[PDB]
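Working notes, structure below.
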Amino acid sequence: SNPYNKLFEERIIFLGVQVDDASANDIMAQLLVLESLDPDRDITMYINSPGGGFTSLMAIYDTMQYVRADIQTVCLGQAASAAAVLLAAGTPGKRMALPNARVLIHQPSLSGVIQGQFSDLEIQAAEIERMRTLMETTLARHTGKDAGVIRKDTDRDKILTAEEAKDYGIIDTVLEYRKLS
Amino acid sequence: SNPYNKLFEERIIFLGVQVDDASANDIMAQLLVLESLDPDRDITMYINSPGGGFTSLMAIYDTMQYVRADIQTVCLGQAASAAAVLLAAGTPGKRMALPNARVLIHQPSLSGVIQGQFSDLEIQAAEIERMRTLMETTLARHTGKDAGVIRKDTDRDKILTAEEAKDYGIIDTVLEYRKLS
Amino acid sequence: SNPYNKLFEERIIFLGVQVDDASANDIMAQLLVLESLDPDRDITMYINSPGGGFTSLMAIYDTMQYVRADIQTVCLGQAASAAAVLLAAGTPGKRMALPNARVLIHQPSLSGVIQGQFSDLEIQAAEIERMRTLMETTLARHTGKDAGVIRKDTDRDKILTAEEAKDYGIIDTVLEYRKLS
Amino acid sequence: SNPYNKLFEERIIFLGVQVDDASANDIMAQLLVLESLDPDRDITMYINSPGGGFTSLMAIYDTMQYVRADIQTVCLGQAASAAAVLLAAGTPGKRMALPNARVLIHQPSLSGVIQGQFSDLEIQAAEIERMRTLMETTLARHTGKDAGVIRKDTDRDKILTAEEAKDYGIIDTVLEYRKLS
Amino acid sequence: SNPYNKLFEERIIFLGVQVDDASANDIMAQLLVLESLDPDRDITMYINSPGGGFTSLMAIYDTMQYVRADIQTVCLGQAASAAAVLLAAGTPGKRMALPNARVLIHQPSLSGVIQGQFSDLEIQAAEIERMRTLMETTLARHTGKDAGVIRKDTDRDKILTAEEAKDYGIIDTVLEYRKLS
Amino acid sequence: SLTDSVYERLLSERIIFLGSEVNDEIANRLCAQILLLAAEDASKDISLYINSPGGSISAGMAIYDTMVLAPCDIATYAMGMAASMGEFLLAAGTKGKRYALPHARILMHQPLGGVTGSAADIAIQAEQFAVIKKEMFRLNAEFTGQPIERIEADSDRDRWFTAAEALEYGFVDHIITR
Amino acid sequence: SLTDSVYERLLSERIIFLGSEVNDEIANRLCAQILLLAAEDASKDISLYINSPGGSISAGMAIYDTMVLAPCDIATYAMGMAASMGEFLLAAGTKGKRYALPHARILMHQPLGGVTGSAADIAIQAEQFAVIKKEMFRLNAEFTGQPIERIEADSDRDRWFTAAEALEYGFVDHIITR
Amino acid sequence: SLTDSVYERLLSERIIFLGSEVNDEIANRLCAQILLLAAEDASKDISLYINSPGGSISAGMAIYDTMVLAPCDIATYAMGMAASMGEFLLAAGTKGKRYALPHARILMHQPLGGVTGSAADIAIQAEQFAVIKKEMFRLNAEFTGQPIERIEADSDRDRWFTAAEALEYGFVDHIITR
Amino acid sequence: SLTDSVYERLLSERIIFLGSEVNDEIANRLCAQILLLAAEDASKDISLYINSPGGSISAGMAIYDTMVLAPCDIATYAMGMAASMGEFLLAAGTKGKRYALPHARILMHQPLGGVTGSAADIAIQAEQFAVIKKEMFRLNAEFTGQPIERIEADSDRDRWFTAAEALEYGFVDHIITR
Ligand SMILES: CC(C)C[C@H](NC(=O)[C@H](Cc1ccccc1)NC(=O)c1cnccn1)B(O)O
Ligand SMILES: CC(C)C[C@H](NC(=O)[C@H](Cc1ccccc1)NC(=O)c1cnccn1)B(O)O
Ligand SMILES: CC(C)C[C@H](NC(=O)[C@H](Cc1ccccc1)NC(=O)c1cnccn1)B(O)O
Ligand SMILES: CC(C)C[C@H](NC(=O)[C@H](Cc1ccccc1)NC(=O)c1cnccn1)B(O)O
Ligand SMILES: CC(C)C[C@H](NC(=O)[C@H](Cc1ccccc1)NC(=O)c1cnccn1)B(O)O
Ligand SMILES: CC(C)C[C@H](NC(=O)[C@H](Cc1ccccc1)NC(=O)c1cnccn1)B(O)O
Ligand SMILES: CC(C)C[C@H](NC(=O)[C@H](Cc1ccccc1)NC(=O)c1cnccn1)B(O)O
Ligand SMILES: CC(C)C[C@H](NC(=O)[C@H](Cc1ccccc1)NC(=O)c1cnccn1)B(O)O
Ligand SMILES: CC(C)C[C@H](NC(=O)[C@H](Cc1ccccc1)NC(=O)c1cnccn1)B(O)O
């Protein structure tokens, strides 16, 4: 067994890589297996991800909201873009983050230019607008902010230190070091 | 065993990747094995796919319509192009989707330019037209729309939220979260 | 078993490669497994890394500070950039280095240009400034320097020989050769 | 088992590939395992390497000087640059080389141009100078030369035949053929 | 077991690929294992190689001259450049070649241009000259030619048919077909 | 050159060519030529000939502004192809002076573009794409005389015209037959 | 240049060359030259020489429109190769003035193109490909005098002609023999 | 060339074009032209026409400095596009002489750049990015007459203007209507 | 060209531009122009205008040597950007004749380079990098009048100046305000 197989025996999934469809289908497959192995024991989800992806975000957003088990998110070094939404998507009272982890909340973007007629670009922009409102509505029900506050805050990159990510509501506890180590 | 091997023991196949011939032959091989293991138990088909491919679509469209088992489709984060047709291709009463999954119905396209004489391009266009009518005839027998309504709706990209994909007829239930999580 | 599997049985992890997210998630998975196998036995961490990465640094900085086991860092040939911070991040009294290992402490940089509007670049620069202060605050609590001394010292590349890395406070012992060999 | 697994059972490690960090961490993992299996039995180290790398050199220089076992180096066809330092780094009385093996001692170089301000290039050049003096101080304590003689000799490429590499002090015995073969 | 594992049980190594350091370290590892398994039983060495490499040549030249076992070389389809030297490097009375195998003896070359100052190029040329004399001195002690004859013969490519490679002294017997087949 | 010397001799006869994709280089070359010909004779017609696969909106709006603000009557000529910004500048000629050569084909389609960047950037681009597409359709409705609801319906996708179809639609006023 | 100075001296003798693939650059250069030569002498023949591997339909329709609407009689000359749009502009010359040099080879084939985009875009392109191919075949039937059903049958794939085969087919009116 | 000969003839009529991205090559070409035209007649207006997608700040500050220090009144003309450094040099014209052609579109946005290198290098770049952005916003507040707090609020992201919106905002003083 | 003809007409008025990165091509072009203008009139000022992102040290030392050894007084002008070798040649002008246009920005930084090759080659390069950096800082201390210990402290990393900051630092002697 790997370490990654050993953490999964203790119901811990790594996000680790960026949230694309390949990573989202991995995490959804891991969240549903861990739901079936013990639905009343908390899945822990370690997040060191640079973000990326919205449908892949909302694939593993909805799955960690679907499953019978409570999700404990732990931000390791980084939760940027989509991964900060997944960090807030843990169960309240859960959602740890290590003390030097940065949390980068950020409005949705298009990676590169997508061409098309203006009637096709009015739809790709009505979609990136409803991707923006869905990013802010999701992040408001998990941080307790007012979803126009998040639109003002995620208007640019807002890098949150873990101590000011629990003041923002992204996490709940900046988890302390166990032994001085 | 992987998680993907564990979901397949519980008769769940991921679409996950885009629908190309490599992915279609995988899903057809998975649908026929799960038909042979228990033909009277519902195959579940998880769809997080960006679509793509029409013959690969109609390869795994016809197979999930062929098999003795009812197919339960679940849109995870995305069902675009072909995937949305496969999402509607589940059994009626089945066809779930997670609440923040987008469903992108979309008329068939050519990825890039295919050259040729005009008598060869009248045939590649009579094919992309009958690929369009077959996309609309398939999506009309599974959504209950009138197949000219779908031609008007899939004339551009029509991104459906899951709540308005069951109003469209693509899915039947936006499936609720089990525990608050 | 590999040699790498054999060193991990004796609770030794290699840093080895540069600190990116792929390497950080490996080391965090290894540090948490070795914490769970025996939390009161010292994890040794071998560092031959050229550095790189700050969120991946602070991912495995925080984990080696989190775990119940004391971390013994050993610089093999090189601890450059982020890896010198991980070298100082071992437990005091631990933190060895081989006699011809160089330790390259170094202020954070951007690999290549990141474009954007000036209001977006005021934030990427307020981040690389707080990445700089966090690099210096971390390296001051582990070397006992005054964090403005480290700003003066890491203003350029400061390559430390192991004998002058214990005078700097990065390591504690330049560990002697066992047999003449 | 491979042949490489079979030679390692008889406490023989191949250098073989060039000395980069991937190869250095392999050899350090092999030297420490063979130290732990039997610390009083001589590790043999076969060197057919084109050299390269200084921190990776001094990673496996220091390890073969660290371990309790005496190291027997054998130059197979080539010990260039860094690998010639590792060839001299064997135990005195050991350090064989095959009769048609060339030994290429060579001053440290930069593979390609590293850019920067002159205050940053005064440090990369003070480092390649102390890499040069450390290459010459290491090669003087193992060949018995006066370290200014080696600066005069490694000023250019000095390709040593094995018969004139024991006159130089790199090796001790040009080892004879066992049977005519 | 592969066929290649089956031939090695009968003490046959393939050269097969070109003689680079990766192939030379394989053959040296195979020659030393077969020496240790039975040092008084003839290792057979099948040569279908396009040559290449001089230090990798003299790595497996010296090893097949080192080992206690006699080496039987068999040229399969080709022994070019370095591999023709290895073909002659078998034990006298051994050194077969199949009847339509070509043997290409050839003076050493530089693959591509190596740049440098003229004082650095006087050394790379004094090396390719002593690589040339070592190629001719080696090929003279195994063919019985006068080493100035080989300089005249390998001045260009000299492709030897197997029937005229035993007249040259490269091989000893053009080995006959066993059954008409 | 040769091709620049023939264009220079037609420029002396007040015949300029839009013969490429309308980018900022060809637009500033035409805007320079319209300003240069309106400075020589302010009362003599300029014969712009359109053989264009389209181009940039703002490049063609630069030409269209110099076509209007010149005191000359810009006679336009669909020569083979008047697509995208080429049909726009074709239909932008003086009324009674917009010509199609009989085998020129006029492509009318809504503007193409590309959305880029963050969702606040794209919401500004799409706000501006709705401004550009409304003004492009307003001017095509002004040029052709078609209703703007018909302009936005026909120019949804590619809407090809022959010289006789563009005559009855309103892009050109005559078809040259000599 | 040299090659531009020789072309300029032939342009003074009213001899223009279609010597490349007919794209919009060469077409606008020829359309400029036909307009320039029809402005010098309106009653003297223009000797276009075709050495062309074909080209764009709309580029060649720009040339064909300027060949017709010029008051000059455009004498055309198949010089080595008159393929695709090159045979079209060869056969587009004035009747009695379409020449083939005796070893020129005339390639007649239906237009090539490419379908791109969504199925509603492609259905418009193929609707327009049927318009272009019908008009290209109508004009080749008008030029050669062949029936349009024979034009569409021969120009299904590549249909090569020698100078003597193109004479009896109808592309050229004479073969130059001096 | 042709396009250089038409620009040279407009340069004789004191009409220069900013028609590209404002880089150091186009800026030094315009600064040369402003110095050359201010040396011919020091009392006659220079008609700069802006068709620009923006450009470098320091390149446009070179033009803006030569526009101010020339004794001529630099009349500016938004011709199709004045985006970024193009709107800056548009609004940098003499008051009463900043014109927009009626379909020109003015893009106002804060400067783009890129941070590079070590954290001590980037802290100097961002210190200088705050200097450049404050001076760019101070001058846009000086040109338009808007408050600098409104300039920094509108020019946070892309802020598009029509010719009539830029007239009431303050970039241009008139709209040419002839 | 056009841009070469405007530069040639300013060269007749003894106005040369350093408008690019100072490489050996632009340096030898300026050194040719300084030698050509010092041969026409040895007593009339040459107005070099700096819009430069920096460049090579030895290329700028070629210009600086021809600026000094010309009998003309090289008036220099920071026009938008006088970075690196551009600020050096700006400050290398005749005292009383070094000007900054009011929005030019002066970047002062130590020379960049690259070490290459063996450790005996690099020890010679760094020996020569210490010679170049000491002589560059000695001349900036001579030009500005600042101490060489302040020059080496400010020019450790990028040290940006406005036109008013470079005036009090010593790069320029005036700021042009007309
Ligand atoms: C903050 C959350 C919402 C995610 C952030 N951005 C997005 O929403 C991502 C960014 C992205 C990633 C890959 C390719 C294109 C765009 N948005 C999307 O995935 C996306 C996909 N289709 C259309 C529009 N946006 B993250 O990637 O910065
Ligand atoms: C909505 C359903 C019908 C599928 C959508 N489009 C198609 O039908 C796909 C899109 C596509 C994918 C890959 C390469 C080229 C084209 N069409 C085809 O696969 C296809 C294949 N051969 C000819 C014409 N179309 B999807 O890919 O947007
Ligand atoms: C000394 C420690 C802090 C690490 C050093 N530098 C950093 O902090 C690294 C250097 C680096 C590596 C890869 C890509 C971009 C930048 N900084 C970062 O990782 C980083 C990431 N995002 C924004 C800003 N900096 B090391 O890489 O020289
Ligand atoms: C005795 C040995 C060390 C001499 C030569 N090797 C080196 O000097 C090697 C070659 C190398 C590899 C990567 C990047 C730059 C340079 N030097 C180094 O490893 C090195 C690394 N950082 C700074 C300076 N030199 B030889 O391998 O050519
Ligand atoms: C005939 C025997 C000696 C080998 C022949 N040539 C050589 O000696 C080979 C040819 C070769 C192969 C790969 C890369 C560069 C050069 N020579 C060398 O390996 C070599 C290596 N370093 C310096 C000079 N020559 B063969 O490769 O034609
Ligand atoms: C004329 C209109 C109706 C249709 C097309 N025009 C456009 O939309 C062109 C598209 C284009 C052209 C060249 C380079 C880049 C982009 N106009 C633009 O430049 C453009 C694109 N997006 C927004 C505003 N303007 B046509 O000219 O291709
Ligand atoms: C001309 C007729 C007889 C047949 C052939 N025509 C074509 O293939 C050309 C293809 C081409 C050539 C050069 C540049 C651009 C496009 N046809 C067209 O121009 C074309 C193609 N599709 C739609 C409209 N026009 B010939 O030119 O190869
Ligand atoms: C005029 C301002 C307010 C708006 C935009 N400016 C910029 O983004 C330009 C970017 C650019 C453009 C072309 C060449 C080089 C750099 N700003 C700069 O020149 C710049 C960038 N970083 C630091 C200082 N100046 B415009 O160019 O789109
Ligand atoms: C000029 C001084 C103030 C500082 C900077 N100089 C340099 O970085 C330039 C780098 C450069 C630029 C263009 C072409 C070739 C080399 N310095 C040199 O030319 C140089 C570098 N190393 C040794 C000798 N000269 B500036 O030009 O960026």
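Convention: chains lettered A, B, ... in structure tokens order; per-chain residue numbering from 1; ligands numbered from 1 as shown.
In chain D, the set of residues within 7 Å of chain C (atoms considered: only C-alpha atoms) is residues 21, 25, 29, 30, 33, 55, 56, 58, 59, 62, 64, 65, 66, 67, 68, 69, 70, 71, 90, 91, 120 and 123 of chain D.
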Surrounding residues of stretch 134-144 of chain E excluding itself and chain neighbours under 4 positions, 8 Å, only C-alpha atoms, as number ranges by chain: E: 85, 88-89, 92, 107-108, 130, 148, 150-151, 168-170
Interatomic distance, atom CA of residue E:73 to atom CA of residue E:52 (Å, one decimal): 17.6 Å
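Proximal residues of ligand 3 are residues 51, 52, 53, 54, 55, 57, 80, 81, 82, 85, 105, 106, 107, 108, 109, 110, 111, 124, 127, 128, 131, 132 and 135 of chain C, by a cut-off of 7 Å on only C-alpha atoms and all ligand atoms.
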Site check for ligand 6: residues at most 9 Å away, only C-alpha atoms and all ligand atoms, as JSON, numbers by chain: {"A": [115, 116, 117, 118], "F": [21, 22, 23, 24, 52, 53, 54, 55, 56, 57, 58, 59, 60, 83, 84, 85, 86, 87, 88, 108, 109, 110, 111, 112, 113, 114, 115, 125, 126, 128, 129, 132, 133, 136, 137, 155]}
Please write the residues from the selection above to a file, keeping N, CA and C atoms, as a compact mmCIF listing (two decimals), in the first residue's frame.
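Resulting contents of out.txt:
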```txt
# COMPACT_ATOMS: atom_id res chain seq x y z
N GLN A 115 -13.76 31.89 -28.85
CA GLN A 115 -14.25 32.67 -29.97
C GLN A 115 -15.72 32.37 -30.20
N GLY A 116 -16.32 33.13 -31.11
CA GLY A 116 -17.68 32.86 -31.50
C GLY A 116 -18.37 34.14 -31.89
N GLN A 117 -19.57 33.98 -32.45
CA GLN A 117 -20.43 35.10 -32.73
C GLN A 117 -20.91 35.72 -31.43
N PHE A 118 -21.38 36.97 -31.51
CA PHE A 118 -21.80 37.67 -30.30
C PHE A 118 -23.01 37.03 -29.66
N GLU F 21 -8.61 41.39 -45.38
CA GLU F 21 -9.33 41.44 -44.11
C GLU F 21 -9.19 42.82 -43.52
N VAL F 22 -10.29 43.36 -43.01
CA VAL F 22 -10.26 44.72 -42.47
C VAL F 22 -9.64 44.66 -41.09
N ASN F 23 -8.33 44.86 -41.02
CA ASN F 23 -7.66 45.01 -39.74
C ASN F 23 -7.26 46.47 -39.61
N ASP F 24 -6.55 46.79 -38.54
CA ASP F 24 -6.19 48.18 -38.30
C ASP F 24 -5.17 48.70 -39.30
N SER F 52 -13.40 41.67 -49.75
CA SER F 52 -12.96 41.53 -48.38
C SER F 52 -13.67 40.37 -47.71
N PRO F 53 -12.95 39.53 -46.96
CA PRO F 53 -13.59 38.47 -46.19
C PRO F 53 -14.14 38.94 -44.85
N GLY F 54 -14.29 40.23 -44.64
CA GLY F 54 -14.67 40.75 -43.36
C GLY F 54 -13.50 41.42 -42.67
N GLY F 55 -13.64 41.57 -41.36
CA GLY F 55 -12.54 42.09 -40.57
C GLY F 55 -13.00 42.61 -39.23
N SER F 56 -12.21 43.52 -38.67
CA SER F 56 -12.50 44.04 -37.35
C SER F 56 -13.62 45.06 -37.42
N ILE F 57 -14.43 45.11 -36.36
CA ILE F 57 -15.53 46.06 -36.31
C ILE F 57 -14.99 47.47 -36.19
N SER F 58 -14.05 47.68 -35.26
CA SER F 58 -13.52 49.01 -35.02
C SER F 58 -12.63 49.49 -36.15
N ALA F 59 -12.01 48.57 -36.87
CA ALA F 59 -11.28 48.95 -38.07
C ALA F 59 -12.24 49.40 -39.16
N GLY F 60 -13.34 48.67 -39.34
CA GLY F 60 -14.32 49.07 -40.33
C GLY F 60 -15.13 50.28 -39.93
N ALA F 83 -17.85 40.33 -47.47
CA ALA F 83 -18.31 39.58 -46.29
C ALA F 83 -18.08 40.38 -45.02
N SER F 84 -18.85 40.10 -43.98
CA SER F 84 -18.64 40.76 -42.67
C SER F 84 -18.45 42.26 -42.85
N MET F 85 -17.33 42.77 -42.34
CA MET F 85 -17.08 44.24 -42.43
C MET F 85 -16.96 44.65 -43.89
N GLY F 86 -16.87 43.68 -44.81
CA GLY F 86 -16.81 44.08 -46.20
C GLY F 86 -18.18 44.44 -46.73
N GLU F 87 -19.22 43.71 -46.31
CA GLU F 87 -20.58 44.08 -46.67
C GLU F 87 -21.02 45.33 -45.96
N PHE F 88 -20.47 45.58 -44.78
CA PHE F 88 -20.83 46.76 -44.02
C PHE F 88 -20.34 47.99 -44.74
N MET F 108 -23.57 38.37 -45.01
CA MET F 108 -24.02 39.14 -43.86
C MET F 108 -24.09 38.23 -42.66
N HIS F 109 -23.38 38.58 -41.60
CA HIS F 109 -23.42 37.80 -40.38
C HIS F 109 -23.08 38.71 -39.21
N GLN F 110 -23.59 38.34 -38.04
CA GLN F 110 -23.36 39.05 -36.79
C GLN F 110 -21.89 39.00 -36.42
N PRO F 111 -21.40 39.95 -35.62
CA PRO F 111 -19.96 40.01 -35.36
C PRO F 111 -19.47 38.83 -34.53
N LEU F 112 -18.28 38.38 -34.88
CA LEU F 112 -17.58 37.37 -34.12
C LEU F 112 -16.63 38.06 -33.16
N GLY F 113 -16.27 37.38 -32.11
CA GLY F 113 -15.37 37.95 -31.12
C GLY F 113 -14.79 36.87 -30.26
N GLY F 114 -14.49 37.22 -29.02
CA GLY F 114 -14.01 36.25 -28.07
C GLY F 114 -14.05 36.82 -26.67
N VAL F 115 -14.61 36.06 -25.75
CA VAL F 115 -14.65 36.46 -24.35
C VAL F 115 -13.43 35.89 -23.65
N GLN F 125 -17.35 42.73 -21.38
CA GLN F 125 -17.21 42.42 -22.80
C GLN F 125 -18.56 42.10 -23.43
N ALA F 126 -19.37 41.31 -22.75
CA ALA F 126 -20.69 40.98 -23.27
C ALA F 126 -21.64 42.16 -23.22
N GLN F 128 -20.54 45.07 -23.84
CA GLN F 128 -20.06 45.80 -25.00
C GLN F 128 -20.31 45.05 -26.28
N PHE F 129 -20.39 43.72 -26.22
CA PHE F 129 -20.78 42.95 -27.40
C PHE F 129 -22.22 43.23 -27.76
N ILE F 132 -22.05 46.69 -29.50
CA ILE F 132 -21.51 46.62 -30.85
C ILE F 132 -22.50 45.95 -31.79
N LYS F 133 -23.12 44.86 -31.34
CA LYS F 133 -24.03 44.12 -32.20
C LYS F 133 -25.31 44.91 -32.45
N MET F 136 -24.07 47.70 -34.97
CA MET F 136 -23.86 47.08 -36.28
C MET F 136 -25.18 46.75 -36.95
N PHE F 137 -26.15 46.27 -36.18
CA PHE F 137 -27.45 45.96 -36.77
C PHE F 137 -28.27 47.20 -37.03
N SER F 155 -29.05 38.18 -40.12
CA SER F 155 -27.68 38.13 -39.66
C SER F 155 -27.57 37.48 -38.29
```
Using only C-alpha atoms, find each residue in chain F having at least one atom no more than 12 Å away from chain C; report its shortest atom-to-atom pair and that distance in Å (one decimal), rows by chain then rising number, as a tab-separated table.
```
residue	atom	partner	partner_atom	distance
F:117	CA	C:116	CA	9.8
F:118	CA	C:116	CA	10.9
F:121	CA	C:117	CA	11.2
```
Counting only C-alpha atoms, chain I residues within 9 Å of chain H, as a ChimeraX atom specification: /I:1-7,9-10,13,15,17-20,51-52,78-81,101-105,157-160,176-178
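Between atom 17 (N, counted along the ligand's line) of ligand 1 and atom CA of residue A:84 lies a distance of 13.5 Å.
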Alpha helix (DSSP H) positions in stretch 70-174 of chain C, given as a ChimeraX atom specification: /C:82-88,118-143,149-153,162-165
